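Sequence lines, in order, name chains A and E. According to the entry's author numbering, the first sequence holds residues 524 to 573 in order. According to the entry's author numbering, the second sequence holds residues 919 to 967 in order. For every residue, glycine included, the Cβ atom is placed at its ideal position computed from N, Cα and C.
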Amino acid sequence: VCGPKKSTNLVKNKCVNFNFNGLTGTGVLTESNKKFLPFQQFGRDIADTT
Amino acid sequence: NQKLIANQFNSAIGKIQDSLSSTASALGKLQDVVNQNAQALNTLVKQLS
Ligand SMILES: *[C@@H]1O[C@H](CO)[C@@H](O[C@@H]2O[C@H](CO)[C@@H](O)[C@H](O)[C@H]2NC(C)=O)[C@H](O)[C@H]1NC(C)=O
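Here you go:
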């Protein structure tokens with residue numbers, strides 16, 4: 524259930540201000556080999572950051 | 919006794935190598951410092967959660 528927000532394209536390997544389903548932060552988005560399970564939308568660090 | 923002394927010395931050095939290469943705890947005093955610092959940082963980061 525998400526608000527009336529228009530999504531844009533995703534740009535990789537550059538510093539961007541991102542918003543994924545309401546989750547925001549600043550960082551570089553890159554390809555990964557992390558095996559998220561079918562029900563896992565987010566992963567976390569030790570600091571509980573994304 | 920120069921020959922004896924030199925031989926005992928050389929032997930003693932070989933013993934140092936045998937101890938250091940096999941006993942991990944031999945350098946516990948330095949490893950402990952590293953461990954304390956690692957814990958301090960891990961504690962600091964975990965507090966962010
Ligand atoms: C003092 O002790 C040393 C050993 O620490 C003696 O030297 C050894 O003597 C035996 C024979 O009895 C040899 O098989 C060993 O190879 C020798 N060891 C070394 C390192 O050379 C030494 O003879 C003793 N001296 C006295 C006066 O008793």
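**Asked** How many angstroms separate the CA atom of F543/A from the CA atom of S967/E?
**Response** On the first sequence, position 20 is the one that residue 543/A refers to. On the second sequence, position 49 is the one that residue 967/E refers to. Cα-Cα distance, rounded: 20 Å.
**Asked** Considering only C-alpha positions, which residue in the set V524/A, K528/A, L533/A, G526/A is nearest to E554/A?
**Response** Stepping through the first sequence from its first residue, residue 554/A is reached at position 31. Of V524/A, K528/A, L533/A, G526/A, the residue nearest in Cα terms is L533/A.
**Asked** Closest to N556/A by CA distance: which of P527/A, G550/A, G566/A, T547/A is it?
**Response** If you number the first sequence from 1, residue 556/A lands on position 33. Among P527/A, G550/A, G566/A, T547/A, the Cα nearest to that of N556/A is on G566/A.
**Prompt:** Is the distance from the Cβ of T531/A to the Cβ of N540/A below 9 Å?
**Reply:** Position 8 of the first sequence holds residue 531/A. Position 17 of the first sequence holds residue 540/A. No, they are not a contact pair.
**Prompt:** Any Cβ of chain E within less than 9 Å of the Cβ of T572/A?
**Reply:** For the purposes of this step, residue 572/A is taken as residue 49 along the first sequence, with counting starting at 1. Closer than 9 Å: yes.
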